[PDB]
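Next up: just one chain, as structure tokens, the form deposited in one PDB entry.
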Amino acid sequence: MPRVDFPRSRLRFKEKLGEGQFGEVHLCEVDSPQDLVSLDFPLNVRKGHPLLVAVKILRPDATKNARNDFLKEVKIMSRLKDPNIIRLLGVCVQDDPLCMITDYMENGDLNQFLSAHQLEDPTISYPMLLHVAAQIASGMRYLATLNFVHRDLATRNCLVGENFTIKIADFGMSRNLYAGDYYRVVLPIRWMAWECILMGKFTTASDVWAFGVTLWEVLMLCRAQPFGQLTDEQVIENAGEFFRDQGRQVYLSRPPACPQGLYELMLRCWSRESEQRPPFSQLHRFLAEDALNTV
């Protein structure tokens, strides 16, 4: 927990960004940010331009548990300091409503971003795609080594900042745009490891499985839903065939842009045994070095 609250009096309401069970997210502008610039709130001020922030707000009528989940997320957010994780700029916890304030990424989520691009045969290059994926891996390595499990890694939960900087995020909002990505059994089954689906065992190993699917989205430039050839029920049945491991299961196909070695890395992310899936340190090293060095 930060010593001091960010001052609510400085948040100028622009727009409601969304909503979930917890409450809501607003886009705010920081009023006269140059006066707030300190060691405790190091803000990137640009004279003549609004400093925009996202603010996640706990509903006033929230339950004891919801309030506790929210404060747990505050404590977690306060720790995460890494170039590829969304950054906590401040909090408002003295009074209700409880708030978390983050940087605002104007390029939106990675899925929106890549969906608007096409591959360099607005364009994006294969090296840049590897750089995107390397940043996600690096963010996930940081998370894993702080003993955190994400549980919902996907391009929809990555944000694009400036100069192709990617930040892993976790919104907790219900966004109609991605409703088809979740299945009520409410779970992101197409990104989930077989053991998650069949048992509910969530681990860094299942985050690696999700990273694999996320790597596939990126290399597909987010043009198809993973396993779009399978209905939701059939995705569940497919998990059963991974457990079966008699080779009957459906694997995501090699994207056109993906060379064989990168595809086989993805395949290892989908190894039936968790311990054979590569750690994020290895995934990052392979994307930042081996894959980049063999363009």
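Only the largest set of C-alpha atoms that superpose within 1.5 Å between the two forms is called the rigid core. For every residue, the number given is its place in the sequence shown, counted from 1.
If you look for the form deposited in another entry, you will not find it shown, but the lines that follow are about it.
Superposition on the rigid core between the shown form and the other one places the CA atom of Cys258 less than 2 Å from its counterpart. Comparing the forms between the shown form and the other one, the C-alpha position of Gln21 differs by 2 angstroms or more, with the core used for superposition. Annotation for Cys269: C-alpha shift under 2 angstroms between the shown form and the other one, rigid core superposed.
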